[PDB]
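Okay, here we've got a single chain as structure tokens, the form deposited in one PDB entry, with questions on binding and movement later.
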């Protein structure tokens, strides 16, 4: 097929390849995935291959789920391309609403204390133990990282974090941005 003028428009406001190039990638994608769909197991394998120093299965599953809040089924080429952009390219502040969808594990519209710990833990496993030693003491375990996040938002244990407030805080408080950071290369 051809990449629809519509998906190209979709992709080019959310990422950066070009129209023709995304078609080129698409034609190759179709050769390898004839149905134009990729399963969660297939998507996980991409992360397994390219993060040999890490244990990225949980992270990849959460990233996959951010495009349905469902684990079964598939992604299409558009979601697959956007997923790779989110994890690996561009600047974080252009990604804040997607970050919210990542952290809202159950997709119920708000973020809970446990959901922060789940995603923080998954991201934490993307970092080698070599790199883990260079992290500051008060931010070197998933529990410390996740509790610092929850405290930066002024939250009690049973509170619910809205998208409005998540965007505000990730924009304003650069310590929050550092702690919620989901691109493995940027978790320094």
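Note that the rigid core is defined as the largest set of C-alphas that superpose within 1.5 Å between two forms. Residue numbers count along the first chain shown, from 1. Shifts are known only where both forms have a C-alpha.
Do the CA atoms of 70-78 or those of 99-107 have the higher mean B-factor in the entry? Mean CA B-factor is higher for 70-78.
Mean Cα B factor from the PDB record: higher for 133-141, or higher for 40-48? Result of the comparison: 133-141.
For residue 25, does the deposited CA B-factor place it in the lowest, middle or highest third of the chain? Middle third - that is where residue 25 ends up once the chain's C-alpha B-factors are sorted.
Third of the chain's Cα B-factor distribution that residue 174 belongs to, per the entry: Residue 174: CA B-factor falls in the lowest third of its chain.
Lowest, middle or highest third of the chain for the C-alpha temperature factor of residue 34? Highest third - that is where residue 34 ends up once the chain's C-alpha B-factors are sorted.
Comparing residue 84 with the other modelled residues of its chain, is its CA B-factor in the lowest, middle or highest third? Its C-alpha B-factor belongs to the lowest third of this chain's values.
Among modelled residues of the same chain, the CA temperature factor third for residue 55: According to the entry, residue 55 has a C-alpha B-factor in the chain's middle third.
In what follows, reference is made to the form deposited in another entry, a form of this protein that is not presented.
Identity of the moved residue from 131, 42, 55, 68, C-alpha shift 2 angstroms or more, core fit between the shown form and the other one: With the rigid core superposed, the residue that stands out is 68.
Just checking, between the shown form and the other one and with the core aligned, does residue 107 shift 2 Å or more at the CA? For residue 107, whose C-alpha is compared between the shown form and the other one after core superposition, the shift is less than 2 Å.
Does the C-alpha of residue 143 move 2 Å or more between the shown form and the other one once the rigid core is lined up? No, shifts by less than 2 Å.
Can you confirm the direction of the Cα distance change for residue 69 and residue 152 in the other entry, closer or farther than in this form, given it is 3 Å or more? More distant in the other entry, by 3 Å or more.
Are residue 34 and residue 68 closer or farther apart at the Cα level in the other entry than shown, by 3 Å or more? Closer is correct, given that in the other entry the C-alpha spacing of residue 34 to residue 68 is reduced by at least 3 Å.
After fitting on the rigid core, list every run of 3 or more consecutive residues where each C-alpha shifts 2 Å or more between the shown form and the other one, in sequence order. 12-16, 68-72, 89-94, 155-159 are the stretches that move between the shown form and the other one.
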